[PDB]
Amino acid sequence: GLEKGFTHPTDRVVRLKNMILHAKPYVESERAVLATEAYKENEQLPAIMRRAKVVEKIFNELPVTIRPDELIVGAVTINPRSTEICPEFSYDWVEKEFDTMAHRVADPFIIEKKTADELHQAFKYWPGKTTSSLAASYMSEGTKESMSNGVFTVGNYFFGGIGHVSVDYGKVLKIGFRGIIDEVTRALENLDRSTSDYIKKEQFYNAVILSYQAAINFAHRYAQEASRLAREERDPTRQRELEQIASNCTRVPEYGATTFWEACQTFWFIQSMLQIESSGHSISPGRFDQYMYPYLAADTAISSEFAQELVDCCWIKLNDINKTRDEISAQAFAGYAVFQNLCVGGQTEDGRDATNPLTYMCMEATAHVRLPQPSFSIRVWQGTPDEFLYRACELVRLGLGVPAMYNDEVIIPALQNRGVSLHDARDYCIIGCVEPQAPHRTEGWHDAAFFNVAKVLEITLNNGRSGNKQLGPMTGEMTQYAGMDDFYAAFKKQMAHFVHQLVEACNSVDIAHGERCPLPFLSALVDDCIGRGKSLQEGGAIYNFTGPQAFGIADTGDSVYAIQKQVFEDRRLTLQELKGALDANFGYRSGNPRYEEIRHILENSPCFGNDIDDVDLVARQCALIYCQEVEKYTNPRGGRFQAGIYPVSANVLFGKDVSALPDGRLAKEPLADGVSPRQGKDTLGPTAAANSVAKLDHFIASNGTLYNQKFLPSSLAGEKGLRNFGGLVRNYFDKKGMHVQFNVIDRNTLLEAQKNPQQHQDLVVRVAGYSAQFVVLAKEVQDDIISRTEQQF
Amino acid sequence: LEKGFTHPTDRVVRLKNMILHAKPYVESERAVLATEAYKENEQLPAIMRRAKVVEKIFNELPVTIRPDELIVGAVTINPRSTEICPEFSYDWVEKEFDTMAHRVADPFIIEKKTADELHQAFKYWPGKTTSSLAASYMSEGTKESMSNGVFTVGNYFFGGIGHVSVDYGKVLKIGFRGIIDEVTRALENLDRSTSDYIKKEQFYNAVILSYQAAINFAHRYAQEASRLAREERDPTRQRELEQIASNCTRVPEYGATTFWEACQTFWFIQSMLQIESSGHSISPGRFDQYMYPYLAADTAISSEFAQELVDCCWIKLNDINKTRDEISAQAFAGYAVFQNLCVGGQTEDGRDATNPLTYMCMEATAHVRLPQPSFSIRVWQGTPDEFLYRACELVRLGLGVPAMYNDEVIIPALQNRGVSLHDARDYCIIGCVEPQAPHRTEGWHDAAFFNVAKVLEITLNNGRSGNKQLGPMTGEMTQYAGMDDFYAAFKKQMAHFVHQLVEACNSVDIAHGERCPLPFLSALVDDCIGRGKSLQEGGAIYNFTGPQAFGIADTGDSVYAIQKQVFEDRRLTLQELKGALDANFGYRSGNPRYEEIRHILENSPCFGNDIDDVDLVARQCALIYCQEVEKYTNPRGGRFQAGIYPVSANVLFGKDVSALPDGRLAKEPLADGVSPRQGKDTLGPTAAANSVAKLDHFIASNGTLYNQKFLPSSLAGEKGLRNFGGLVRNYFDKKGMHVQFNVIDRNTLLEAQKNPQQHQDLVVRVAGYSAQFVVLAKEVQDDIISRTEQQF
C-alpha cells in the first residue's frame, strides 16, 4: 500500500544526533582573532587580495576538530553547534552583549570570560572598518529615519555576510580545488592585457588561487588530525575508520571524488568552509540528489546501509553550524538557524523527471535524523511520480515540518519572467526559506530586507505620519477619501516613497560589500566569476537579483477590504469614527464602547482565506502594489529587484511596529506569516484556504512566497489520509500557488512542550520555511505557532 | 625694438628678498591635521573622507600673513617651506629626519619638535598610503624593470597628481558659493531611478562640504588681517590690512569685484589646491585671459598699483615649496613646483589674444626675477611682432623665461588626440612643456620617466641588464645581419617595457581613484560636477597619461653610429663593438683598440647639425617610443601620449646606462629633451633647430622640450633681437613644438660655483623651468655648463 514506514538509523547515527541536541551553544574567538590579524597584516592590499589573506590565515590556523563517531569531518567551531564571530561585517553588538547573551530569550549563547577578553582585544581594530559602517554612510537620512521607525530593515546583510547561494558542488566533486586553480591559471593565460581592465582581473585571479591553495591545506590539516587520532585509537574498527577519513581528506576536495564517501566529504568541506569565510547564512546544498548521485552510482563497493549512514552523517553535520546575531536580529531568525535548504526531485534540464535512488535516501535521512537542518524540500511538477509525492507526504506526517514543497510549474515561468533561461530555470533549487534560483549561476540576495506593508498601510491612513514624525508624503487624511480609489492612489504613493528608500538601503549595503568584502573563495564556485575575472560582489554572476520580503499581506488585505465594506458600502461607521477608533486602539485602554462596537463590526467582515473572491482580490491587489513597485528597481551588480513574501520568525517582532488596523487587530499584535491567511481566520478548511492563497499573483513575487498550513495529525492518518493530503497539494499547485509546507501536530503537544520543556528538547516543528526546536523559540513565537489555524479534512 | 623694463616698488623688492633669504623647513601641522581627519573618518567613502580632510585643514591650519604682503595666503608658517602629505607616502620623510638638512639636492631643515610630531602621525600610515596600494597592483616584472632603471613612476607614486590648470575664471565670476549652487542644482536634478545616484550624491555632498570649509579658510585670513590692522602702528599699512580683510571677506566665497580682489581669488585657488594635495604643476595657465576682464572693469586702479599686485602674485608663487625623497629630489631639483603661466596666443575664435595684462605679466617677470612662475608665451602665425620682440627682450635678461610654445604644432597635435578645435585653441601649458585644454583635462602630464637609452642598452645585450633577464631574448647584437634586424629587436624590447610602463602608471591611477579622489580640485574641472565624479574616476572631458622619454639624441646617434661605422663603412665588427661596450671603451683596462673604436664612434655624424641621415635616425628612434606609448589607455577612459623632457633627471638617469655605441661612457649624462647631445651641435643654432624640427613633434603630444643657450653678446642691440626672433620663427615654421633659452656667459656660471654666497639670485633654465643655480647639485650645474653655447 501507499504507507511503507521508515527504517531506523545505526546506533552511531543516534549518538551523533544526540550530541547535537545536548550541545550548549558557545561563542568562540579563534576565527575572529585570525581574521582580524589578517586585516592588520595586509592594510596595503586591494580588498579582494586582503580577503584571500583572510581565508588563507583562517584555513591554515583555525583549530581542526574531529568529533567522536563522525564519518564525515569538518568543524567550524571547537564546541559542537557553536558560533564563530565575523567582525568584518559588524562587531559592537557582540561586545555590548558579553554578559547578556547567555541569558537572552532568543538564541542564547555562552560567552566565557576568556573568549570575551579575546574578542575585546580584536574588536579594538574594527571601529569604522566594517562593511556595516560604510553601508550606513551611503544611506540618506530619510532612509535611516524610516528604518528607525520600523517601516523596513536591511539588517541581514548590514550586520552579517551575504550567503544565500547554492554553489557549484558538482564542479568541485569533478575537478577539485586543484581543478579550480587550473581554470583560473588558464584564465590568467588568456587574459586580454591590451587595456587597463586586466589589472584588477589579475588581482582577482591571484586572490582566488591563493584562497584555493589554502583551502587545499585545510583539508590536509583534517587528514593529518585524522591520522593522529588513528595512531592513538584503541578500537581497531574505529582506527580503520579514522585511517579511511585521513585518506578521504587527502584526496578531496583537492582532487575529484572517487567514492561516494569521498563525495560526501567534498560536499561537507564546501558546506562548512563557505561559512568559515563568511557568516552569510542560507548556504543551500540545493539539488543534492542530482549532483551527488553519479558518485553513488559509480561506487560499486558501497552497501546501501553504509551509503545511507553517510547521508545521515551529512544531515547531522549540517546541524553543527550555528550563528549568533544581535539580540533583536536573533528574534527575527530564531532557533539556531542557518537555513541550509536542500531539495530533491523535480526535472532535468531536458524536462524529464529527476527522481533517482538518492532522492529517496535523502527522505530516509530526514526520517532517521529528525533534526532542524537541513531545510529539506521537494520540487513538484506535472510529471512527479505518485510514489515520490506520497512518500514525501508520509515524511511530512512525522510532524518535523519537512519537506517543504515547491511548484516547478509556477517557479519556472516566474524565473523566465526575470530573464533566467528555460534550461537554467528547469535546474532551480531553493535558497534559504522559499527563494528559487538557478544554482551556481546567481547572486540573488534572496533575503536582503524585511519590508512592513502593514506599517505602510498605517502610515497611509495617517497622512504620512508615524508617531510625531512626518515619514512619508502628505497623501491626504483618511477622512478625506471619497472612496476606495482615493485610498489606493494614496497607498501607491506611500509605497513608491518607502520602496525607493528600501532600494537605497539595499544598494548601499550592496556597494559596501563590493568595496570592502569581495569574496575570492565563494566567488570561484559561481558562474561566471572566473570567466569574467570578477567577484560575486562585483557582478560576476550570470544572474543578479535583490530580494526584499513583504510583511502583513493578509493583515493589509483584510484591513483594506474592511474599509471597503464596512465604511463605503454598508456605512456601519464613518471615516472619522474609524480614524478615532484606530488612534484609540479600539478603546483597548480607554474602554470606549463605540470603539469596541466598531472593533467587533470590523473583525466580522469577510477575510482572506475562505475562498471569498471579493476580499481575496483585495489581498491580491495589496500584494501586487508592493510587488509591482519593487520590480521597478535595479542593484549595482546590474540586476533586478524582485519581491518575496515570507516572514522568517519576525511576523511577531514586526507586528510590534504596527498600531491598530482597520481589520480590528490591536496595536503591536502579530502579523500574518507569508501569504497565509491571518491566524485563525480561515475557518472553512484547507481546500478553501488554499484556493484563496492561490488567487494571489505568485509569479510576480519571484523571490518566493511562503504558505503555512497546520493539520490535526489524525486527519492525515491511513492511506485515505495520504490520498487526501496529496490531492490537496496537487489542487493548490494546479491553481498556481508557489509553495506550501505543513505542521502536523496536536495542540496539546505544543502546550506540553511549553509546560515541560526539559522533556521535549527533540520536538522539531516548522516556523516559516525552516524548522526548529520548539522549546528554544520565545514564548511569543511559540504562542503564534499555537494560534495558527488547525486544518482538518 | 628695445624699451627696457621698469623697476618694482621697494615693497616688491622687500617681498622678493624674503623669498631669496628664506631657509626652507619641513612643517608638521597639515600632516598632523590630515592624519587626525583620516583617523576620525574610517567609515566614510573615500570622497567624503577626503572632504573631511580638507575641512579639518582649511578650518585649523595656521593662518599666516607676511610683512608687506598685499596678496595673502600661506601654505606654511615659514616662507619657502614644505608641508608633508603622508596619505601618498611617508616613510622616506622619517628615514631622512637626520639627513634632509644636509643632502645634496634641495635640503630642508627638520627641527626636533617637528620630527617628533611627524613620527607620531606616521604611526597611523603603514599600508594606508596610495603608494602602498599602487605597488600591490603591479607585477613583479614591472617592479623589477623599475628596480633596474628602465623607467620610474615615482612622481605620482610618492606624491599627489596635480598637473592641471583649473577653472580660475569660473571662481572669479561665481565664487565658492557659486560652486556650491551648481552642485546643489546637480543634486536637485539627479536621476535617482537606478543605483548610480548613490555614489554621485556622496561626491556632491563631499564637494559642498569642501567648499564650505574653503569659504571658512578665506574668512580666517580676513580675521587675521583685521587683527593685524588693529595692531598696526603705521597708518598706511593699517589701511592696507583693512583692505586685505575686506578682500578676503568677499573672495573667493563670491565673485571678484576689483582687480585686487581678483588677484586674491587667484592666489587662494593656487595655494589651497596645494594644501589639499602635494601634486605639483598646478599651472595658472592663461592668466592674462581670465584675469584681464577684472582689470578692465576696475575703473579706479592705477597702472602702477595693478602692476605691483601682479608682482605680488609672482612673489607669492615662489612661497610654495615641496620636499621629496632624497633621490626623487634630484630629479625635480631647485625647490621647484612647476606652476606654468602663459600669456598671448589665440582666442577660441582664432583671433590674437594679446591684451594689456599680457605685457604687465612680462613686466612682473622683469620686476621680480625669481624661479616662479614658470613663465611662458604662446606663439602663432598672427602673433604681433611687438609681442614676440618684447618677449625676446625679456629672454635677454637671462632668467630662462619666457619659454616659447608653437600653437601651429600644439593645436593639431591636441586635435589628433580628440580635443575639439575650440578647446585646443584655448590651450595652456602644464608644468614644463605639457599642453592641455584648461579646466577640461585630467592629463597626468608627468606620470613617468622612461629611459629609451636604457632600452637600447638592453636591446644590444639580448634583453639582459647586468646578468638579469629583464626583456625578451630578441637576439645577440653579433647576430644582426643589418639595421633591419636591430630595429625589429628594438621594437620588441620597446613593446615589452612600454607595456610594463603602462601597467605601473595604471596601477598608480587605480590607487588614486580607490583611496584619494579629490573633492576640492575636482569641482574646478569640466565635467566633474555635471557627471558627479571626481577627476580620479574620470570626471574630466579629456583624459590622458603622459610618460617622458629620456636619451633621445643618445639613442639616435648611437643607432646611427652602428649604421655608419659597422655596417656601411665596416670600420669595426659587431663583435668588437660588443667587446668595447662591455669594457666601457677600456676606461679601466686601457685597451687601445677599444679607445680607437671609441674615437671612431665619437666622430660619426651627430643629430643637431642639419645632416639628414643621422637626424632621421633620431626621428625614427623617437617615433618607436611615441608609437608604442599611444597604443595604450588608462582607467579613466583616456589615452597615453608620449612627451620628451628631462626635468632635472638627465644626469640622474644617465647613471643607469652603460656605454653606448655613440661613444659615451658608462653612467655619463643623457641629452636633455629633444636637444642635441651636449656640445655635439657645432654648426650653429639654425642648423641645430633644423635638426630638432625633423623629429615628429606632433605624435609627442604630452610635449617636447628643446634647450638652447646663447652668449649674451649675440643678442645685444636691435640686430640681436631681430636675429633672435627670426630663429624662433624659423624653428616654429618648421614645426618644432617648443624652444627656450639660457642667455649667460660661461664665467658667470663658473663664478657661481666658486662663490655661491654672492650669487644667490642667479636664476637660469634647467629644463622647462628655472632655478637658482647655486641650489643645483654640482653634477647638474656642470651639465648645464656643458650645454652647447650658441652664437649667431
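All Cβ positions, even for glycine, are placed from backbone atoms using ideal geometry, and neighbour counts span all protein chains on display. Here, each number is a calculation from the coordinates, and none is a lab measurement.
Restrict the check to segment A:58-67 and report whether at least one residue is of a type in the set (A, V, I, L, M) and assigned to a helix (DSSP H, G or I).
So far as segment A:58-67 goes, yes, one or more of its residues are of a type in the set (A, V, I, L, M) and assigned to a helix (DSSP H, G or I).
In segment A:9-23, what residues are of a type outside the set (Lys, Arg), touching a residue at least 12 places away in the same chain (Cβ under 8 Å) and closer than 15 Å to A:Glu364 by Cα?
Within segment A:9-23, A:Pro9, A:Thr10, A:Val13 qualify.
Go through (1) in contact (Cβ under 8 Å) with a residue 12 or more places away in the chain; (2) surrounded by fewer than 22 Cβ atoms within 10 Å (Cβ to Cβ); (3) more than 14 Å from chain A (Cβ to nearest Cβ) for B:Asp106 and report which single condition fails.
(2)
Give the residue, chosen from A:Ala667, A:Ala672, A:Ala688, A:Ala660, that is in a helix (DSSP H, G or I), of a type in the set (A, V, I, L, M, F, W, C) and more than 14 Å from chain B (Cβ to nearest Cβ).
After applying the criteria, what remains is A:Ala688.
Going by the structure shown, is A:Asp486 buried (at least 24 other Cβ atoms within 10 Å of the Cβ), in a helix (DSSP H, G or I) and away from chain B (no Cβ under 14 Å)?
no
Hey, A:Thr65 hits all of (1) under 20 Å from A:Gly160 (Cα atoms); (2) within 28 Å of the chain's Cα centre (by Cα) but one; which does it fall short on?
Checking A:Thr65 against (1) under 20 Å from A:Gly160 (Cα atoms); (2) within 28 Å of the chain's Cα centre (by Cα), the one that fails is (1).
Given the criterion part of a helix (DSSP H, G or I) and buried (at least 24 other Cβ atoms within 10 Å of the Cβ), identify the matching residue among A:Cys313, A:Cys343.
A:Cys313
Of all residues in segment B:607-639 being hydrophobic (A, V, I, L, M, F, W, C) and more than 29 Å from the chain's Cα centre (by Cα), which is surrounded by the fewest Cβ atoms within 10 Å (Cβ to Cβ)?
This residue is B:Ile611.
If we scan segment B:85-99, do we find a residue that is assigned to a helix (DSSP H, G or I) and under 30 Å from B:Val251 (Cβ atoms)?
no
Can you find a residue in segment A:406-426 that is closer than 30 Å to A:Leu750 by Cα and in contact (Cβ under 8 Å) with a residue 24 or more places away in the chain?
yes
Just for strands (runs of 3 or more DSSP E) wholly inside segment B:720-775: which have at least 3 residues that are buried (at least 23 other Cβ atoms within 10 Å of the Cβ) and of a type outside the set (A, V, I, L, M)?
The strands (runs of 3 or more DSSP E) meeting that bar are B:738-743.
Run down A:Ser146, A:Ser196 and say which single residue is within 30 Å of A:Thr442 (Cβ to Cβ), crowded, with 18+ Cβ neighbours inside 10 Å and either of a type in the set (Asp, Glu) or without any contact (Cβ under 8 Å) to a residue 12 or more places away in the chain (or both).
A:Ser196
Quickly run through segment A:38-89 and pick out the residues that are of a type in the set (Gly, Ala, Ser) and either within 14 Å of chain B (Cβ to nearest Cβ) or closer than 28 Å to A:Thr259 by Cβ (or both).
A:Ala38, A:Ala47, A:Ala52, A:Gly74, A:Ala75
Out of all the residues in segment B:691-711, which are of a type in the set (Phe, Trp, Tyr), crowded, with 19+ Cβ neighbours inside 10 Å and part of a loop (DSSP other than H, G, I, E, B)?
Of everything in segment B:691-711, just one residue is of a type in the set (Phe, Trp, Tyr), crowded, with 19+ Cβ neighbours inside 10 Å and part of a loop (DSSP other than H, G, I, E, B), namely B:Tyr706.
Give me the residue from segment B:149-161 that is part of a loop (DSSP other than H, G, I, E, B) and surrounded by 20 or more Cβ atoms within 10 Å (Cβ to Cβ) and, out of that set, farthest from the chain's Cα centre (by Cα).
B:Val150
Here are some residues: B:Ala206, B:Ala186. Which one is surrounded by 23 or more Cβ atoms within 10 Å (Cβ to Cβ) and assigned to a helix (DSSP H, G or I)?
B:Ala206
Taking A:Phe654 as meeting all but one of (1) away from chain B (no Cβ under 14 Å); (2) without any contact (Cβ under 8 Å) to a residue 40 or more places away in the chain, write down the number of the exception.
Checking A:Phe654 against (1) away from chain B (no Cβ under 14 Å); (2) without any contact (Cβ under 8 Å) to a residue 40 or more places away in the chain, the one that fails is (2).
Within segment A:743-783, can you find the residues that are of a type in the set (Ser, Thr, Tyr), under 16 Å from A:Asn651 (Cα atoms) and touching a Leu at 6+ places or on another chain (Cβ under 8 Å)?
The one that is of a type in the set (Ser, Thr, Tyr), under 16 Å from A:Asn651 (Cα atoms) and touching a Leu at 6+ places or on another chain (Cβ under 8 Å): A:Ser771.
Can you go through A:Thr300, A:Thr324 and tell me which one is of a type in the set (S, T, N, Q) and more than 30 Å from A:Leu671 (Cβ to Cβ)?
A:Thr300
Among the numbered conditions (1) outside any strand (DSSP E or B); (2) more than 21 Å from A:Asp447 (Cβ to Cβ); (3) in contact (Cβ under 8 Å) with a residue 40 or more places away in the chain; (4) not small (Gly, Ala, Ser), tell me where A:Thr384 comes up short.
Unmet for A:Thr384, out of (1) outside any strand (DSSP E or B); (2) more than 21 Å from A:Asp447 (Cβ to Cβ); (3) in contact (Cβ under 8 Å) with a residue 40 or more places away in the chain; (4) not small (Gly, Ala, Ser): (3).
Of the conditions (1) in contact (Cβ under 8 Å) with a residue 60 or more places away in the chain; (2) within 27 Å of the chain's Cα centre (by Cα); (3) away from chain A (no Cβ under 14 Å), B:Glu94 fails just one. Which one is it?
Going through the list (1) in contact (Cβ under 8 Å) with a residue 60 or more places away in the chain; (2) within 27 Å of the chain's Cα centre (by Cα); (3) away from chain A (no Cβ under 14 Å), B:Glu94 breaks only (1).
Could you say whether any residue in segment B:189-201 is more than 14 Å from chain A (Cβ to nearest Cβ) and either assigned to a loop (DSSP other than H, G, I, E, B) or β-branched (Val, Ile, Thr) (or both)?
Within segment B:189-201, not a single residue is more than 14 Å from chain A (Cβ to nearest Cβ) and either assigned to a loop (DSSP other than H, G, I, E, B) or β-branched (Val, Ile, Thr) (or both).
Being over 26 Å from A:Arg67 (Cβ atoms) and in contact with a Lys or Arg (Cβ under 9 Å, 6 or more places away or on another chain) narrows it down to one residue among A:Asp320, A:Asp312, A:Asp350; which is it?
Selected residue: A:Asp350, the only one of A:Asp320, A:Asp312, A:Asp350 that is over 26 Å from A:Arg67 (Cβ atoms) and in contact with a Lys or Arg (Cβ under 9 Å, 6 or more places away or on another chain).
Which members of segment B:113-143 meet the condition of being in a helix (DSSP H, G or I), within 9 Å of chain A (Cβ to nearest Cβ) and among the charged types (D, E, K, R)?
Hits for segment B:113-143: nothing passes.
Which of the residues belonging to segment A:508-535 are among the charged types (D, E, K, R) and away from chain B (no Cβ under 13 Å)?
The answer is A:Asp527, A:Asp528, A:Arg532, A:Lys534.
Is it the case that some residue within segment A:347-369 is buried (at least 22 other Cβ atoms within 10 Å of the Cβ) and in a strand (DSSP E or B)?
Within segment A:347-369, none of the residues are buried (at least 22 other Cβ atoms within 10 Å of the Cβ) and in a strand (DSSP E or B).
Looking at (1) more than 14 Å from every other protein chain (Cβ to nearest Cβ); (2) within 27 Å of B:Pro435 (Cα to Cα); (3) not acidic (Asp, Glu), find the lone condition where B:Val153 falls short.
The number of the failed condition is (1).
Can you find even one residue in segment B:14-37 that is in a loop (DSSP other than H, G, I, E, B), within 11 Å of chain A (Cβ to nearest Cβ) and either over 25 Å from the mean Cα position of the chain (by Cα) or not basic (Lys, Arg) (or both)?
no
Anything in segment B:328-340 that is in a loop (DSSP other than H, G, I, E, B) and within 19 Å of B:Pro438 (Cα to Cα)? List them, or say none.
B:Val337, B:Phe338, B:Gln339 - these are the residues of segment B:328-340 that are in a loop (DSSP other than H, G, I, E, B) and within 19 Å of B:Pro438 (Cα to Cα).
Out of all the residues in segment A:460-482, is one or more assigned to a loop (DSSP other than H, G, I, E, B), within 25 Å of A:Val167 (Cα to Cα) and in contact with a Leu (Cβ under 7 Å, 6 or more places away or on another chain)?
no
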